[PDB]
>>> print(open('input.cif').read())   # mmCIF, C-alpha atoms and all ligand atoms
data_target
#
loop_
_atom_site.label_atom_id
_atom_site.label_comp_id
_atom_site.auth_asym_id
_atom_site.auth_seq_id
_atom_site.Cartn_x
_atom_site.Cartn_y
_atom_site.Cartn_z
CA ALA A 11 -15.49 7.55 16.64
CA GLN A 12 -16.65 6.78 13.09
CA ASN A 13 -15.22 3.71 11.23
CA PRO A 14 -13.20 2.41 14.21
CA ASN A 15 -12.16 -0.80 12.40
CA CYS A 16 -10.63 1.38 9.57
CA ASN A 17 -12.53 -0.28 6.77
CA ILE A 18 -12.32 0.98 3.24
CA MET A 19 -15.54 2.94 2.56
CA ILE A 20 -17.30 3.26 -0.81
CA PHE A 21 -19.27 6.42 -1.65
CA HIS A 22 -22.01 7.08 -4.21
CA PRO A 23 -22.42 10.90 -4.38
CA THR A 24 -25.40 12.31 -6.22
CA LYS A 25 -24.81 14.82 -9.04
CA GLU A 26 -25.59 17.62 -6.59
CA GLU A 27 -23.07 16.30 -4.05
CA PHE A 28 -20.45 16.03 -6.87
CA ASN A 29 -20.26 19.78 -7.32
CA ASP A 30 -18.15 20.82 -4.46
CA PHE A 31 -15.01 18.68 -4.21
CA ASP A 32 -13.62 20.03 -0.94
CA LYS A 33 -17.02 19.71 0.78
CA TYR A 34 -17.36 16.04 -0.28
CA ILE A 35 -13.86 15.13 1.01
CA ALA A 36 -14.80 16.71 4.29
CA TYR A 37 -18.07 14.74 4.30
CA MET A 38 -16.25 11.45 3.70
CA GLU A 39 -13.94 12.25 6.61
CA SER A 40 -16.97 13.04 8.83
CA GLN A 41 -18.00 9.43 8.24
CA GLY A 42 -14.50 8.09 9.16
CA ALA A 43 -13.28 7.29 5.65
CA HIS A 44 -9.76 8.50 6.27
CA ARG A 45 -9.21 5.97 9.00
CA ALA A 46 -8.77 3.29 6.27
CA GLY A 47 -6.14 5.31 4.34
CA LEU A 48 -8.14 4.77 1.11
CA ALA A 49 -11.75 5.35 -0.11
CA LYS A 50 -13.58 4.56 -3.34
CA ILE A 51 -15.89 7.14 -4.98
CA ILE A 52 -18.32 5.94 -7.69
CA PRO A 53 -19.36 9.05 -9.75
CA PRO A 54 -23.10 9.75 -10.38
CA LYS A 55 -24.48 8.06 -13.43
CA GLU A 56 -24.91 11.45 -15.19
CA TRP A 57 -21.15 12.20 -15.05
CA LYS A 58 -18.44 11.48 -17.55
CA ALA A 59 -14.72 12.33 -17.69
CA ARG A 60 -14.72 12.88 -21.46
CA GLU A 61 -16.78 11.72 -24.48
CA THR A 62 -14.62 8.85 -25.73
CA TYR A 63 -11.17 7.32 -25.45
CA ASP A 64 -10.97 6.60 -29.21
CA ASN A 65 -8.32 9.21 -29.95
CA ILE A 66 -5.52 8.59 -27.31
CA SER A 67 -3.15 6.32 -29.27
CA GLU A 68 -0.73 9.05 -30.28
CA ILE A 69 0.11 10.13 -26.71
CA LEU A 70 3.85 9.44 -26.21
CA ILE A 71 5.33 7.42 -23.38
CA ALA A 72 8.84 8.94 -23.56
CA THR A 73 10.38 6.65 -20.96
CA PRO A 74 8.56 3.35 -20.43
CA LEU A 75 9.88 1.59 -17.32
CA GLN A 76 10.57 -2.21 -17.16
CA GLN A 77 9.98 -3.28 -13.57
CA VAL A 78 12.59 -5.91 -12.67
CA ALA A 79 12.12 -7.74 -9.34
CA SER A 80 14.63 -9.24 -6.85
CA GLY A 81 13.86 -11.28 -3.75
CA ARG A 82 11.20 -13.83 -2.96
CA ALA A 83 7.61 -13.99 -4.19
CA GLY A 84 6.11 -12.24 -1.17
CA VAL A 85 9.02 -9.94 -0.25
CA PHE A 86 10.82 -8.27 -3.14
CA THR A 87 12.17 -5.02 -4.51
CA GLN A 88 11.84 -3.70 -8.04
CA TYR A 89 14.06 -1.44 -10.11
CA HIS A 90 13.05 0.48 -13.11
CA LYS A 91 14.96 -0.09 -16.33
CA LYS A 92 14.38 2.65 -18.89
CA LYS A 93 13.16 1.51 -22.34
CA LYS A 94 12.86 3.28 -25.66
CA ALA A 95 9.92 5.65 -26.25
CA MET A 96 6.69 4.36 -27.59
CA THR A 97 3.16 5.64 -28.29
CA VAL A 98 0.10 4.58 -26.28
CA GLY A 99 -1.04 2.56 -29.35
CA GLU A 100 2.29 0.76 -29.46
CA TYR A 101 2.16 0.15 -25.70
CA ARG A 102 -1.38 -1.19 -25.84
CA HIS A 103 -0.34 -3.70 -28.52
CA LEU A 104 2.62 -4.74 -26.35
CA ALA A 105 0.40 -5.16 -23.25
CA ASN A 106 -1.94 -7.45 -25.32
CA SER A 107 0.92 -9.60 -26.68
CA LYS A 108 1.33 -13.20 -25.61
CA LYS A 109 4.42 -12.31 -23.53
CA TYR A 110 2.60 -9.61 -21.43
CA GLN A 111 -1.17 -10.26 -21.55
CA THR A 112 -3.35 -11.12 -18.56
CA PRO A 113 -3.66 -14.95 -18.15
CA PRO A 114 -6.94 -16.72 -18.04
CA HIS A 115 -8.54 -16.42 -14.64
CA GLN A 116 -11.80 -17.08 -12.77
CA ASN A 117 -12.31 -13.86 -10.87
CA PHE A 118 -10.29 -11.07 -9.21
CA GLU A 119 -9.29 -13.30 -6.30
CA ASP A 120 -7.85 -15.96 -8.60
CA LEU A 121 -5.91 -13.24 -10.50
CA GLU A 122 -4.62 -11.83 -7.18
CA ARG A 123 -3.33 -15.33 -6.28
CA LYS A 124 -1.58 -15.58 -9.61
CA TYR A 125 -0.01 -12.10 -9.19
CA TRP A 126 1.56 -12.92 -5.85
CA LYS A 127 2.71 -16.35 -6.96
CA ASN A 128 4.29 -15.30 -10.19
CA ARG A 129 5.04 -11.54 -10.29
CA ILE A 130 8.75 -11.84 -9.60
CA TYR A 131 9.31 -14.12 -12.63
CA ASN A 132 8.30 -11.45 -15.09
CA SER A 133 9.32 -7.88 -15.88
CA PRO A 134 6.24 -5.88 -17.03
CA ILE A 135 6.63 -2.42 -18.65
CA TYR A 136 4.82 0.56 -16.95
CA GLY A 137 4.13 3.96 -18.69
CA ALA A 138 4.14 5.88 -15.40
CA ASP A 139 4.36 9.40 -14.35
CA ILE A 140 3.48 11.18 -17.68
CA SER A 141 2.51 14.87 -17.13
CA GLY A 142 -0.92 15.46 -18.70
CA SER A 143 -4.70 14.97 -18.44
CA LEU A 144 -7.52 13.06 -20.15
CA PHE A 145 -10.34 15.07 -18.56
CA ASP A 146 -12.31 17.20 -21.06
CA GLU A 147 -12.00 20.85 -20.31
CA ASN A 148 -15.74 21.04 -20.16
CA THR A 149 -16.00 18.48 -17.32
CA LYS A 150 -16.63 20.70 -14.33
CA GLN A 151 -16.95 18.14 -11.51
CA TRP A 152 -13.96 16.15 -10.19
CA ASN A 153 -11.74 17.23 -13.03
CA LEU A 154 -8.24 16.36 -11.74
CA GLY A 155 -6.68 19.16 -13.81
CA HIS A 156 -8.92 21.85 -12.16
CA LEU A 157 -8.46 21.17 -8.51
CA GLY A 158 -7.40 23.85 -5.97
CA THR A 159 -3.59 23.76 -5.78
CA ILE A 160 -1.56 22.67 -2.75
CA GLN A 161 0.33 26.00 -2.89
CA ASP A 162 -2.96 27.86 -2.58
CA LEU A 163 -4.04 25.62 0.32
CA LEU A 164 -0.77 26.30 2.20
CA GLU A 165 -1.23 29.98 1.55
CA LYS A 166 -4.81 29.98 2.72
CA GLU A 167 -3.98 28.05 5.94
CA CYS A 168 -0.66 29.54 6.89
CA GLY A 169 -0.52 32.92 5.11
CA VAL A 170 2.74 32.33 3.21
CA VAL A 171 2.84 32.60 -0.56
CA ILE A 172 5.13 30.05 -2.22
CA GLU A 173 6.40 29.11 -5.69
CA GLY A 174 5.39 25.82 -7.36
CA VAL A 175 2.74 24.20 -9.39
CA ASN A 176 0.54 21.06 -9.01
CA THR A 177 -0.43 19.15 -12.26
CA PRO A 178 -1.80 15.63 -12.94
CA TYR A 179 0.00 12.56 -14.17
CA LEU A 180 -1.07 9.73 -16.49
CA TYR A 181 -0.23 6.06 -15.91
CA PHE A 182 -0.51 3.46 -18.67
CA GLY A 183 -0.37 -0.08 -17.14
CA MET A 184 -0.29 -3.70 -18.13
CA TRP A 185 -0.65 -7.03 -16.32
CA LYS A 186 1.63 -7.21 -13.29
CA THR A 187 2.72 -3.56 -13.35
CA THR A 188 3.25 -2.71 -9.74
CA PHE A 189 3.19 0.25 -7.39
CA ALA A 190 5.41 -0.25 -4.35
CA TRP A 191 4.50 0.47 -0.72
CA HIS A 192 4.51 4.25 -0.14
CA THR A 193 2.81 7.30 1.23
CA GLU A 194 2.58 10.44 -0.87
CA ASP A 195 5.24 13.18 -0.98
CA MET A 196 4.93 15.20 2.23
CA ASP A 197 2.15 12.69 3.29
CA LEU A 198 -0.30 14.51 0.96
CA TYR A 199 -3.61 13.09 -0.22
CA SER A 200 -3.84 11.55 -3.68
CA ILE A 201 -6.78 11.07 -6.02
CA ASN A 202 -6.69 8.51 -8.82
CA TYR A 203 -9.24 8.08 -11.66
CA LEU A 204 -9.17 4.87 -13.70
CA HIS A 205 -10.08 6.22 -17.17
CA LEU A 206 -10.19 2.98 -19.11
CA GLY A 207 -9.25 -0.65 -19.32
CA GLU A 208 -8.59 -3.38 -16.81
CA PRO A 209 -8.76 -3.05 -13.03
CA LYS A 210 -6.21 -1.94 -10.42
CA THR A 211 -5.97 -3.80 -7.07
CA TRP A 212 -4.95 -1.75 -4.03
CA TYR A 213 -3.65 -2.61 -0.58
CA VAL A 214 -3.62 0.00 2.23
CA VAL A 215 -2.51 0.36 5.87
CA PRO A 216 -4.61 2.63 8.15
CA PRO A 217 -2.68 5.88 8.91
CA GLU A 218 -2.87 5.19 12.63
CA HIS A 219 -0.87 1.97 11.99
CA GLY A 220 1.66 3.16 9.46
CA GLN A 221 4.60 2.83 11.81
CA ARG A 222 3.83 -0.95 12.09
CA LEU A 223 4.36 -1.27 8.40
CA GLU A 224 7.62 0.75 8.62
CA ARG A 225 8.97 -1.50 11.37
CA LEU A 226 8.21 -4.62 9.35
CA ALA A 227 9.82 -3.09 6.31
CA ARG A 228 13.03 -2.35 8.26
CA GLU A 229 13.12 -6.02 9.33
CA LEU A 230 12.48 -7.36 5.81
CA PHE A 231 14.78 -5.00 3.94
CA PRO A 232 17.63 -4.65 6.41
CA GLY A 233 20.36 -3.31 4.02
CA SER A 234 17.96 -0.72 2.64
CA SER A 235 17.03 0.36 6.13
CA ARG A 236 20.69 0.93 7.05
CA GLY A 237 21.08 3.02 3.89
CA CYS A 238 18.20 5.36 4.68
CA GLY A 239 15.94 6.14 7.60
CA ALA A 240 12.94 6.63 5.20
CA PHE A 241 13.68 4.14 2.47
CA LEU A 242 10.02 3.52 1.63
CA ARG A 243 10.25 6.99 0.02
CA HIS A 244 12.28 5.21 -2.66
CA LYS A 245 9.14 3.44 -3.82
CA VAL A 246 10.76 0.04 -4.53
CA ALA A 247 9.60 -2.42 -1.80
CA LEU A 248 6.78 -4.93 -2.03
CA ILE A 249 5.32 -7.10 0.74
CA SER A 250 2.44 -9.46 0.02
CA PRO A 251 -0.86 -9.71 1.87
CA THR A 252 0.15 -13.16 3.13
CA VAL A 253 3.34 -11.77 4.66
CA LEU A 254 1.48 -8.82 6.16
CA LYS A 255 -1.05 -11.24 7.79
CA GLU A 256 1.75 -13.46 9.12
CA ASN A 257 3.26 -10.42 10.82
CA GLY A 258 0.03 -9.03 12.21
CA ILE A 259 0.05 -5.81 10.13
CA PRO A 260 -3.41 -4.24 9.84
CA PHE A 261 -4.40 -3.67 6.18
CA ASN A 262 -7.28 -3.77 3.70
CA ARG A 263 -7.66 -4.44 -0.02
CA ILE A 264 -10.01 -3.36 -2.78
CA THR A 265 -10.17 -3.50 -6.57
CA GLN A 266 -10.80 -0.29 -8.58
CA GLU A 267 -12.56 -0.57 -11.94
CA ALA A 268 -12.73 1.77 -14.90
CA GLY A 269 -14.87 4.83 -14.17
CA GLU A 270 -14.08 4.86 -10.43
CA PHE A 271 -12.07 7.24 -8.25
CA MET A 272 -9.83 6.29 -5.34
CA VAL A 273 -8.62 8.78 -2.69
CA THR A 274 -5.63 8.08 -0.51
CA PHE A 275 -5.44 9.96 2.78
CA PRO A 276 -2.43 11.52 4.55
CA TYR A 277 0.04 8.91 5.76
CA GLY A 278 -2.02 5.99 4.27
CA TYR A 279 0.56 3.53 2.97
CA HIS A 280 -0.55 1.85 -0.24
CA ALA A 281 0.65 -0.60 -2.90
CA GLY A 282 -0.95 -2.53 -5.75
CA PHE A 283 -0.98 -3.86 -9.25
CA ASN A 284 -2.73 -3.59 -12.60
CA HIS A 285 -4.81 -6.45 -14.08
CA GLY A 286 -4.12 -5.69 -17.72
CA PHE A 287 -3.89 -2.72 -20.13
CA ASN A 288 -5.28 0.43 -18.46
CA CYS A 289 -4.92 4.14 -18.08
CA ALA A 290 -5.18 6.09 -14.81
CA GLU A 291 -4.78 9.77 -13.92
CA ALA A 292 -3.69 10.93 -10.49
CA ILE A 293 -2.69 14.06 -8.62
CA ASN A 294 -1.80 15.11 -5.10
CA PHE A 295 -4.00 17.53 -3.12
CA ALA A 296 -4.23 19.02 0.35
CA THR A 297 -6.91 20.07 2.84
CA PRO A 298 -6.65 21.88 6.16
CA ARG A 299 -6.34 18.55 7.92
CA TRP A 300 -3.21 17.70 5.93
CA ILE A 301 -1.08 20.51 7.40
CA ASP A 302 -0.25 18.63 10.58
CA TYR A 303 0.77 15.54 8.55
CA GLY A 304 2.98 17.62 6.31
CA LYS A 305 4.81 19.03 9.29
CA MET A 306 5.56 15.52 10.61
CA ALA A 307 6.29 13.74 7.30
CA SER A 308 9.48 11.71 7.13
CA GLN A 309 11.94 12.51 4.67
CA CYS A 310 14.62 10.70 2.56
CA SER A 311 17.89 12.69 2.52
CA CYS A 312 20.17 9.86 1.10
CA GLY A 313 19.74 10.96 -2.47
CA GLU A 314 17.55 8.20 -3.76
CA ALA A 315 14.02 9.66 -3.56
CA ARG A 316 14.56 12.72 -5.88
CA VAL A 317 11.25 14.62 -6.31
CA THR A 318 9.58 17.55 -7.95
CA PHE A 319 10.35 21.19 -7.84
CA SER A 320 7.33 21.99 -5.76
CA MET A 321 8.38 19.91 -2.73
CA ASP A 322 11.12 22.42 -1.89
CA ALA A 323 8.74 25.00 -0.51
CA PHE A 324 6.76 22.43 1.47
CA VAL A 325 9.93 21.29 3.30
CA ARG A 326 11.24 24.83 3.63
CA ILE A 327 8.10 26.22 5.28
CA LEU A 328 6.72 23.19 7.14
CA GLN A 329 10.03 21.53 8.15
CA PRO A 330 12.71 24.24 8.42
CA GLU A 331 14.94 22.19 10.76
CA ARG A 332 15.09 19.37 8.15
CA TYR A 333 15.45 21.60 5.12
CA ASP A 334 19.24 21.86 4.81
CA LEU A 335 19.77 18.09 5.05
CA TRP A 336 16.92 17.26 2.72
CA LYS A 337 18.07 19.80 0.09
CA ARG A 338 21.60 18.27 0.14
CA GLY A 339 19.89 14.95 -0.76
CA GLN A 340 18.20 16.74 -3.65
CA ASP A 341 21.67 18.02 -4.91
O1 LIG A 401 -1.58 3.91 -10.07
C1 LIG A 401 -0.36 3.83 -9.66
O2 LIG A 401 0.59 3.22 -10.26
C2 LIG A 401 0.10 4.47 -8.41
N1 LIG A 401 -0.88 5.47 -7.89
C3 LIG A 401 -0.82 5.97 -6.68
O3 LIG A 401 0.09 5.63 -5.84
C4 LIG A 401 -1.78 7.01 -6.28
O4 LIG A 401 -2.72 7.34 -7.03
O5 LIG A 401 -1.56 7.54 -5.17
MG MG A 402 -3.56 10.59 -29.40
NI NI A 403 0.27 6.90 -4.27
ZN ZN A 404 16.70 7.55 0.97
#
>>> encode(input="input.cif", output="structure tokens")
Amino acid sequence: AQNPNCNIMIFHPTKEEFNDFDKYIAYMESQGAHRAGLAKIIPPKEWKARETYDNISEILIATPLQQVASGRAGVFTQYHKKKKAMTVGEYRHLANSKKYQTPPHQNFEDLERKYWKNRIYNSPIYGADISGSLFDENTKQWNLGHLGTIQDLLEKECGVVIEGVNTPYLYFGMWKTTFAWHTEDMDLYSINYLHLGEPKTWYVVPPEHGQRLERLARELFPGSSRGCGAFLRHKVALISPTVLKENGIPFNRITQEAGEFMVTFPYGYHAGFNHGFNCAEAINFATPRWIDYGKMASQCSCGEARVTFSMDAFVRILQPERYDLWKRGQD
């Protein structure tokens, strides 16, 4: 069995290997990359996402989100307070202000220490989940707006044509902006490209151990667990690496830098934080290997998770017994 310790793997495809996206995902899996839940892909030196980032300041962040924490430094939830719209140039200036900028630090490990010590005492503002793309239309390789759609994959594997669309999302971050512990909708893959700016640190639990994380989370967030049998679908709970280690939960960590891709694999729980002003693009995708994960994915039916239009068909076809309850939670 390849990668039996479930380490995060880093790949350096050549320009020739970068042509065929599906084939390269399958290659990475042949080497055991999925066992980690997360892989890094460093593009060939010949590749670029677009020519420059000099002309992005007028993009609008219609609903910036202030991430307010409650709890203790290593075990907390966050809620999202909506703020007034602002442009990317306005947001960048805000991120660089004395109130929000990255503190002085020695290296990524020192900054990680500072994040976990101090995150809860601040409320950073995240420009998350903005439909759009920064890939040039002429970029033919690993262009996150030109991937095969999940609806087409389901149709190819299962024969059933379904409604829905699959487009990318932009994320504008600042110091301490945080993504809570989660797997993707319907335990899909994700791919994330860090277009510009400061790094993003990731934590991940191997898919084969995801239920260990869920059991810890039920213990640590006991009111939330009573409220909902899949409350990590709410995307609000954080648990630090120190707490994970104290409770024997298997996990790994890695820092993504500008110009790098990360892939999350089906049922790979992940969480993390941004080092400073940055912009990422991400989208969900599927492969044949996903189908069995989609059929077994947990679902939130309490009302909190509320998701896209396109998840309806995935539940309806892959999980018909759960469909009626889940759709009630949507309405
Ligand atoms: O970058 C973020 O805030 C969160 N991204 C992801 O969870 C992802 O790409 O799957
Ligand atoms: Mg612009
Ligand atoms: Ni994710
Ligand atoms: Zn719920």
>>> residues_near_ligand(input="input.cif", ligand="ligand ZN 404 (chain A)", cutoff="9 Å", atoms="only C-alpha atoms and all ligand atoms", output="ChimeraX atom specification")
/A:234-235,237-244,309-316,339
>>> residues_near_point(input="input.cif", point="(-18.7, 12.3, -6.4)", cutoff="6 Å", atoms="all atoms listed in the file", output="list in words")
residues 23, 28 and 53 of chain A
>>> residues_near_point(input="input.cif", point="(-8.7, 6.5, -27.1)", cutoff="12 Å", atoms="only C-alpha atoms", output="list in words")
residues 60, 61, 62, 63, 64, 65, 66, 67, 68, 69, 97, 98, 99, 102, 144, 205, 206, 207, 288 and 289 of chain A
>>> write_last_selection(input="input.cif", atoms="C-alpha atoms", output="tab-separated table (two decimals), in the frame of the given file")
chain	number	residue	atom	x	y	z
A	60	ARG	CA	-14.72	12.88	-21.46
A	61	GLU	CA	-16.78	11.72	-24.48
A	62	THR	CA	-14.62	8.85	-25.73
A	63	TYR	CA	-11.17	7.32	-25.45
A	64	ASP	CA	-10.97	6.60	-29.21
A	65	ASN	CA	-8.32	9.21	-29.95
A	66	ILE	CA	-5.52	8.59	-27.31
A	67	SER	CA	-3.15	6.32	-29.27
A	68	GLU	CA	-0.73	9.05	-30.28
A	69	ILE	CA	0.11	10.13	-26.71
A	97	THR	CA	3.16	5.64	-28.29
A	98	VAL	CA	0.10	4.58	-26.28
A	99	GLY	CA	-1.04	2.56	-29.35
A	102	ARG	CA	-1.38	-1.19	-25.84
A	144	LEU	CA	-7.52	13.06	-20.15
A	205	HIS	CA	-10.08	6.22	-17.17
A	206	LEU	CA	-10.19	2.98	-19.11
A	207	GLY	CA	-9.25	-0.65	-19.32
A	288	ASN	CA	-5.28	0.43	-18.46
A	289	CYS	CA	-4.92	4.14	-18.08
>>> atom_distance(input="input.cif", atom1="atom CA of residue A:166", atom2="atom CA of residue A:331")
22.7 Å
>>> atom_distance(input="input.cif", atom1="atom CA of residue A:189", atom2="atom CA of residue A:15")
25.1 Å
>>> build_atoms(input="input.cif", residues="stretch 84-95 of chain A", atoms="N, CA, C and O atoms", output="compact mmCIF listing (two decimals), in the frame of the given file")
# COMPACT_ATOMS: atom_id res chain seq x y z
N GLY A 84 6.85 -13.12 -2.06
CA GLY A 84 6.11 -12.24 -1.17
C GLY A 84 6.88 -11.07 -0.60
O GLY A 84 6.28 -10.28 0.17
N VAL A 85 8.18 -11.00 -0.80
CA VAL A 85 9.02 -9.94 -0.25
C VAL A 85 10.07 -9.61 -1.25
O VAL A 85 11.09 -10.41 -1.44
N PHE A 86 9.93 -8.56 -2.04
CA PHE A 86 10.82 -8.27 -3.14
C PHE A 86 10.97 -6.78 -3.33
O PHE A 86 10.13 -5.99 -2.85
N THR A 87 12.03 -6.40 -4.00
CA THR A 87 12.17 -5.02 -4.51
C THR A 87 12.08 -5.05 -5.99
O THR A 87 12.23 -6.07 -6.66
N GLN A 88 11.83 -3.87 -6.59
CA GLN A 88 11.84 -3.70 -8.04
C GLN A 88 12.67 -2.48 -8.43
O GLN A 88 12.65 -1.47 -7.71
N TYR A 89 13.41 -2.63 -9.53
CA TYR A 89 14.06 -1.44 -10.11
C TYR A 89 13.52 -1.18 -11.44
O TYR A 89 12.91 -2.08 -12.10
N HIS A 90 13.61 0.04 -11.89
CA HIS A 90 13.05 0.48 -13.11
C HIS A 90 14.08 0.64 -14.16
O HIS A 90 14.99 1.55 -14.05
N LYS A 91 14.09 -0.17 -15.19
CA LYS A 91 14.96 -0.09 -16.33
C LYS A 91 14.32 0.72 -17.41
O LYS A 91 13.23 0.43 -17.90
N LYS A 92 14.93 1.82 -17.85
CA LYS A 92 14.38 2.65 -18.89
C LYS A 92 14.40 1.97 -20.23
O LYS A 92 15.41 1.31 -20.62
N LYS A 93 13.36 2.09 -21.01
CA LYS A 93 13.16 1.51 -22.34
C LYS A 93 12.98 2.68 -23.33
O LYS A 93 12.74 3.80 -22.97
N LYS A 94 13.09 2.34 -24.59
CA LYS A 94 12.86 3.28 -25.66
C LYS A 94 11.40 3.79 -25.71
O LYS A 94 10.43 3.06 -25.38
N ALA A 95 11.23 5.04 -26.17
CA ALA A 95 9.92 5.65 -26.25
C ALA A 95 8.99 4.87 -27.09
O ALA A 95 9.36 4.26 -28.10
